[PDB]
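Chemist:
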RNA sequence: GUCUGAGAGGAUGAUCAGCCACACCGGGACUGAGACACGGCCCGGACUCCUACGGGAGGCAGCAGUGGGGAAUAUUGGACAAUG
RNA sequence: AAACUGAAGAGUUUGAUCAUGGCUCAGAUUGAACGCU
RNA sequence: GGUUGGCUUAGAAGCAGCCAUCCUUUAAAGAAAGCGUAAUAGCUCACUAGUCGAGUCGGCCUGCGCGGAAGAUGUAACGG
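Residue numbers (the deposited numbering), protein chains in the order written: chain Je, 1 to 122; chain B, 3 to 322, 330 to 369; chain H, 213 to 396.
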């Protein structure tokens, strides 16, 4: 459960280190983003001379949450941080390296490179 | 001296010399040298292709006229239109390339460009205490709409300058400060100001630029009778009550240039419409032929597209002589009632620098 | 063997890779090939044929193999030239063509093709400005007709007698042509 | 040592020879007469690659050579016949 | 026997002069580049 | 049919606009009342002949109607 004004760690190599959610997309009163959900963020702290600069507004996908993700057997899977991966203007990853694990909720078409670049997929 | 006389004057030879020129010093140090170089070019061209007597006569007539030129009061281009009889000396702001054209007619394409770039508009100045209205053409104030304007005589609304003498501003009224009706009162004041502006516009329709604080501009916007007539809103102009009319005009210039840029951006869509209807010609020879036989409706030129060509009039062919084939096409289109639009070099590609929307 | 060049890039340690649909013939590692078109002809040799990030045994006709070159600095090759067997196919600029002018029902123009017309010619993977030059007795070509015309392109393009090109103005087709003679 | 300079000085430390230090980056040692080891080991790191996704591989500042940077610097040669 | 052998100035401040004093040049050198050949 | 009347206009052809609106073959047909064309082209109309058979056409005036006619707690603008 990510909402506007939530800090997320950055789980790729796009130069940002911390982002803040400024919009949960996909619905007029939509409250929360879980893993696989696309959010609007501002990058709040980036590495020097990186691709992304501090203060930029862009798209991200949540790739892990502390609330957890439910599985069809009823199990929950939680993480120690909230982490996103930055996206293009067409909601495609701009990453060449993914840090930390991700879940199988990113299986599909538009996050397949996130899945294939993650060190491990839960 | 005007575009009309220059276009309607015929000579043989008629020489148009355009010299690049600067407004400030020490940049204007090269204007004498640039003029002298451009005159050497035309002297040798005339001596080559007409004769020594014609060359020396034309150059003497223009020398006698350019000897007075101060070169400290230069504009951004110095144009010289010379014949064997008369010599005209004009200083144009716009721009041009240093060039010599010799033909049966003067190269008036830059004057056509300047004329086609003109915008006439109203400037409605709003404050919380007053409204002004300025009639404007490009850089200059035409009129400021005072009691001495004599276009406010049959006004039924309040004439300009409209002072906000509302009840809440003086204190008779009803609903004292505790009601918090300031916004509603100011909204109605701007509504009456809009009534006056619309009354004055209904006789001399031309677009309006709204100048004032961001809150005033927005209050006006949600109250204006014809909000689709507004071309620009400037919220960073200073001294709106006591300021000069010319000062307001100078403030609105970024907005006016943005509006011109938007007009060209829109003409892009007209070209696409003509291309879909297959009534657009982009080949230089096809454009020349269509413009020559009066079939051209709107010419679009890349703003600097100058091509010299071996134009044949009777055979109606163009091959690549006339030093300004594009200028000749512009002249034909203007003569046959069409319009010319000079689009910027990033709206129009260098691949296709000319496009004639034909009448059929 | 011939293959138009669509994309050009360079791989470190490997060299310039030129991708493209192999039109005909065969190309394998070690084959000598010349880069014909736009610029001047230059010879070179093949060192690698690969596609989908895996090395291929040999690039055959139809397949989209991207062939690697030796010593070409990725600036002497550009989109439009053909990777060709040496000697075969010569870069020309003056060629005669049996051009059919499209009517207004297949797109086309409402005005005829007249001598001195300069449209774009698309041959395989590039467009080049041309100069239609009708012979004696013809001043314009009615939309819907077909006639033999001479073309003077602005830069050399590798062509052979029988290759089919398209003519265009403003991005819409104004005719289709087939080369019938190449002159120097 | 090299260049310059009458010299004294000034500048400099390619090629040849001596000494030192380094071996993708940080750290630890093993074996050995000798190494904390350029084409050895272990751990950690960044980068490139392979993978069946569980895991693995690598280090031209050796000689050629490629990309890149640059104003600019060479062959992906032969033989151990000679000295080692 | 020998290693013991080596040292140049000019232009430019002034109406002109001498001095001072900077700037510039003629020499040699190079892991050189570039231009023409 | 003269004929794209003349002028104008890039065009200007019955039909942007301006000035005429004439003659001919006629049973009749306008220098055209509309649509249409960039201008042409094209389709009509006026008008005439034929078919049909008995009433029909258009203005003016008066009476009573119709549309124009959207609001907030509930019909809610004959008290029912």
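A virtual CB, placed ideally from N, CA and C, is assigned to each residue, including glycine.
1) Assign residue 139(B) to one of two classes, buried (16 or more other C-beta atoms within 10 Å of its C-beta) or exposed (fewer than that).
2) Among the residues of its own chain, which have a CB less than 8 Å from the CB of residue 66(Je), if the five just before and after it don't count?
3) Would you say residue 304(B) reaches chain H, if we count a Cβ-Cβ gap shorter than 8 Å as a contact?
4) Report the neighbours of residue 285(B) on chain H: residues whose CB is nearer than 8 Å to its CB, in chain order.
5) Would residue 305(H) pass as an interface residue toward chain B - the criterion being a Cβ-Cβ separation below 8 Å?
6) With residue 58(B) as the anchor, note down where its alpha helix (DSSP H) starts and where it stops.
7) Going by CA-CA distance only, name the one from 106(B), 146(B) and 69(B) that's closest to residue 247(B).
8) Please list, in chain order, the chain H residues whose beta carbon lies closer than 7 Å to that of residue 277(B).
9) Would you list, in sequence order, the uninterrupted beta strand (DSSP E) runs of no fewer than 3 residues that lie entirely inside the segment 166 to 251 of chain B?
10) Would you report the Cα separation of residue 275(B) and residue 300(B), rounded to the nearest angstrom?
11) Which runs of the beta strand (DSSP E) spanning at least 3 residues fall entirely within the segment 87 to 153 of chain B, listed in chain order?
12) Are residue 289(B) and residue 363(B) touching if we call contact CB-CB under 8 Å?
13) So residue 282(B) contacts chain H; which residues on that side make the cut at Cβ distance below 8 Å?
14) Of all the residues that make up the segment 286 to 299 of chain B, which are near chain H by a beta-carbon distance shorter than 9 Å?
15) Assign residue 27(B) to one of three DSSP states: helix, strand, or coil.
16) Is the Cβ of residue 365(B) closer than 8 Å to any Cβ of chain H?
17) Among 233(H), 372(H), 263(H) and 275(H), which one has its Cα closest to the Cα of residue 308(H)?
18) Between which residues of its own chain and residue 336(B) is the CB-CB distance below 6 Å, once the five residues before and five after are set aside?
19) Going by C-alpha to C-alpha distance, which of 115(Je), 28(Je) and 48(Je) sits closest to residue 84(Je)?
20) Can you check whether the CB of residue 54(Je) is closer than 8 Å to the CB of residue 61(Je)?
21) Between the segment 352 to 383 of chain H and chain B, which residues of the former have CB atoms less than 7 Å from a CB of the latter, in chain order?
22) Enumerate in chain order the residues of its own chain whose CB-to-CB distance from residue 309(B) is below 7 Å, with the five nearest sequence positions on each side excluded.
23) Show which residues of chain B have a CB atom less than 7 Å away from the CB atom of residue 323(H).
24) Determine, using beta-carbon pairs with one atom in the segment 310 to 321 of chain B and one in the segment 352 to 372 of chain H, whether at least three such pairs fall under 8 Å.
25) Can at least three beta-carbon pairs, one atom from the segment 84 to 95 of chain B and one from the segment 45 to 65 of chain B, be found at a separation below 8 Å?
26) Just to confirm my understanding: we take residue 184(B), look at its own chain, exclude 5 residues before and 5 after, and list those with CB closer than 8 Å. What are they?
27) For residue 21(B) and residue 80(B), which I take to be in contact (beta-carbon distance under 8 Å), what is that distance rounded to the nearest angstrom?
28) Kindly indicate the opening and closing residues of the beta strand (DSSP E) around residue 310(H).
29) Using only the alpha-carbon positions, how far apart do residue 207(B) and residue 123(B) sit?
30) What span of residues does the beta strand (DSSP E) with residue 364(B) cover, start to end?
31) For residue 168(B), which residues in the same chain have their Cβ closer than 7 Å to its Cβ, ignoring the five residues on either side in sequence?
32) Pick out whichever of 248(H), 251(H), 233(H) and 229(H) has its Cα sitting closest to the Cα of residue 241(H).
33) Less than 8 Å separating the beta-carbons of residue 102(B) and residue 19(B)?
Modeler: Here's the rundown:
1) exposed
2) 78, 79, 80, 81 and 82
3) Residue 304(B) is outside the set of residues whose beta carbon lies under 8 Å from a beta carbon in chain H.
4) Neighbourhood of residue 285(B) in chain H, by CB distance below 8 Å: 329, 330, 331 and 381, in chain order.
5) Taking a beta-carbon distance threshold of 8 Å, residue 305(H) does not count as an interface residue toward chain B.
6) 54 to 68
7) 146(B)
8) Those within 7 Å of residue 277(B) in chain H are 382.
9) 210 to 214 and 232 to 236
10) In a straight line, the C-alpha of residue 275(B) is about 13 Å away from that of residue 300(B).
11) With a minimum length of 3 residues, the continuous beta strand (DSSP E) runs that stay inside the segment 87 to 153 of chain B are 89 to 94, 101 to 105, 122 to 128, 132 to 139 and 142 to 145.
12) The Cβ-Cβ distance between residue 289(B) and residue 363(B) falls below 8 Å.
13) 382
14) 286, 287, 288, 291 and 292
15) coil
16) Not flagged as an interface residue toward chain H: residue 365(B), since no C-beta distance is shorter than 8 Å.
17) 372(H)
18) Once the five neighbours on either side are set aside, the close Cβ partners of residue 336(B) are 109 and 111.
19) Of 115(Je), 28(Je) and 48(Je), the residue nearest in Cα terms is 115(Je).
20) no
21) 381 and 382
22) 286, 322, 334 and 335
23) The answer, in chain order, is 288.
24) no
25) These segments touch.
26) 170
27) 4 Å
28) 302 to 313
29) 9 Å
30) 363 to 367
31) Result list for residue 168(B): 187 and 191, in chain order.
32) 229(H)
33) yes
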